[PDB]
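J.: Everything in the sequence shown is counted per the numbering used here, starting at 452 for the first residue and increasing by one.
For every residue, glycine included, the Cβ atom is placed at its ideal position computed from N, Cα and C.
Can you read through this structure? Questions will come right after.
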Amino acid sequence: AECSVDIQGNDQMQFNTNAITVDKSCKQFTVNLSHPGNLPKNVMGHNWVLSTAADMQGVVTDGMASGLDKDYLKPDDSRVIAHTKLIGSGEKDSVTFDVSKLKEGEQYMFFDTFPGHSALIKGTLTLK
Ligand SMILES: [Cu+2]
Ligand SMILES: [Cu+2]
């Protein structure tokens with residue numbers, strides 16, 4: 452099975468998927484984030500951040516507190532299972548993480564922690 456997904460986020464504050472399936476036979480999984488807009492990361496930054504569903508709100512709220520210089524993530528946030536960097540227009544970042552961090556049955560969400568953006572950029576991730 453494939454073990455990677457390509458995701459883009461634009462200047463219009465949306466991602467091109469709200470649902471990712473990670474096949475249980477994958478040992479690692481990769482997400483390739485790109486930003487086809489024209490606006491820079493201080494104005495229209497996007498990241499891809501993964502946590503349990505239960506943990507999403509806190510990661511988003513603490514990340515907003517932390518500011519651009521932290522990529523809008525609380526330092527040392529152990530709720531964050533995996534994430535990309537925060538990227539702007541014309542940039543790309545990939546993250547590859549161990550599928551051993553995920554369990555069949557548990558409920559996960561991916562999301563963008565740039566202020567306001569999780570209102571529209573978020574989705575489920577499932578191990579299947
Ligand atoms: Cu495979
Ligand atoms: Cu964003």
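#1: Touching or not, the stretch 457 to 465 and the stretch 509 to 522, by the rule of three or more beta carbon pairs under 8 Å?
#2: Considering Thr575, what are the terminal residues of the beta strand (DSSP E) in which it resides?
#3: Where does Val456 sit, in a helix, a strand or coil, going by DSSP?
#4: Out of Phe565, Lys579, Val531, point me to the one whose CA is closest to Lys554's CA.
#5: Give me every residue whose Cβ sits closer than 7 Å to any heavy atom of ligand 1, in chain order.
#6: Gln479 to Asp549, Cα distance in whole Å?
#7: Mark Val494 as exposed unless 16 or more other C-beta atoms lie within 10 angstroms of its C-beta, in which case mark it buried.
#8: Ignore the nearest five residues each way along the sequence and tell me which others in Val510's own chain have a CB closer than 7 Å to its CB.
#9: Go ahead and label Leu571 buried or exposed: buried means 16 or more other beta carbons lie within 10 angstroms of its beta carbon, across all protein chains shown.
#10: Cβ of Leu537 within 8 Å of Cβ of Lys573?
T.: In short, the structure shows the following:
#1: no
#2: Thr575 -> beta strand (DSSP E) spans 573 to 578.
#3: strand
#4: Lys579
#5: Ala452, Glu453, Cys454, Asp474, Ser476, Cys477
#6: 5 Å
#7: exposed
#8: Closer than 7 Å at Cβ, skipping near neighbours: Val500, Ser502, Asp528, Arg530, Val531, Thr564.
#9: exposed
#10: The Cβ-Cβ distance between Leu537 and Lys573 does not fall below 8 Å.
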